[PDB]
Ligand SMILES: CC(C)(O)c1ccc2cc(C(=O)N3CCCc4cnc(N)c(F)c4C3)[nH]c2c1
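Given next, in structure tokens, is a single chain: the form deposited without the ligand.
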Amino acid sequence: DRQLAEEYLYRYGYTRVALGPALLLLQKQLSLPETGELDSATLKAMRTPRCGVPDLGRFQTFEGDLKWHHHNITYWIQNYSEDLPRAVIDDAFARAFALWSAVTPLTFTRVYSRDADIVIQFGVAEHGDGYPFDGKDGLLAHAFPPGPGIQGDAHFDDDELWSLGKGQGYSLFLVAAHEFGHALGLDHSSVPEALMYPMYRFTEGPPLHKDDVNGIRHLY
């Protein structure tokens, strides 16, 4: 347990900012009871599959002010997981973008070139950016804030079983909608029901909540 805590608090930025004080920062950030203790609710939280983007701080120094300055956003589906038919993957990403296009002045268009603003990639372990995935479960995906090159891109851990219904695996639609939020410039939310909360929860309800819309509206 203390080894899991050490790795979680390190990976997601709490240890850098700071086990008590770092656990307090995590409990505040995740809206858990703020005991300062490695207790059952905190351990359950740490064992919950979630987004690979850090909570406090950032992957790295990025370029620019971290939002898009044009409105026709392009995305490239660089490769495909074998877990779902191509057309089902295409439609999952299209629906995830449709969530954000309704609440922003942005449009999203699928392109077939590396030139895209948002390059979407499936990969496993170390997949080319120095931020390796971790095998099945754990972190499910990550993305990078708007800007040039890797910025704006969205990566999905193909050691996960990608699905869409209730049942085994993880909803590619829900995780993509979350990661696309980062690709548009959002940080994680501390509201457990919000789309931009970092933990994965399956739902058949509408993914966007007030906090997500408030955040994207603030930017655009």
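Whichever C-alpha set is largest while still superposing within 1.5 Å between the two forms counts as the rigid core. Residues that one form lacks are left out of the comparison. One rule holds for the numbers: they count along the sequence shown, beginning at 1.
Just so it is clear, the following notes concern the form deposited with the ligand bound, a form of the same protein that is not shown.
**Q** Answer with open or blocked: the shown chain lacks the ligand, so superimpose the ligand from its arrangement in the bound PDB entry and check for 3 or more ligand atoms within 2.4 Å of backbone or C-beta atoms.
**A** Transferred pose: blocked.
**Q** Select, from the options 70-78, 88-96, 136-144, 103-111, the stretch whose residues sit within 4.5 angstroms of the ligand in the bound PDB entry by heavy atom distance.
**A** Residues of 136-144 come within 4.5 Å of the partner.
**Q** Can you pick the one in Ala154, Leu186, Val175, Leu26 that has a heavy atom within 4.5 Å of the ligand in the bound PDB entry?
**A** That would be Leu186.
**Q** With the partner left out of view, is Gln60 within 4.5 angstroms of the ligand in the bound PDB entry by any non-hydrogen atom?
**A** Within the cut-off, so yes.
**Q** Is there a heavy atom of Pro49 no more than 4.5 Å from a heavy atom of the ligand in the bound PDB entry?
**A** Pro49 lies outside the contact set for the ligand.
**Q** Hey, in the bound PDB entry, does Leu164 get a heavy atom within 4.5 angstroms of the ligand?
**A** Heavy-atom contact with the ligand at 4.5 Å: absent for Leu164.
**Q** Heavy atom to heavy atom, is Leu195 within 4.5 Å of the ligand in the bound PDB entry?
**A** Result no; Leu195 lies far from the ligand in the bound PDB entry.
**Q** Comparing between this form and the one not shown on the rigid core, is the C-alpha shift at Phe173 2 Å or larger?
**A** False for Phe173: its C-alpha shift is below 2 Å.
**Q** Please identify, after superposing on the rigid core, every run of 3 or more consecutive residues whose C-alpha atoms all shift by 2 Å or more between this form and the one not shown, listing them in sequence order.
**A** 57-59, 165-167 are the stretches that shift between this form and the one not shown.
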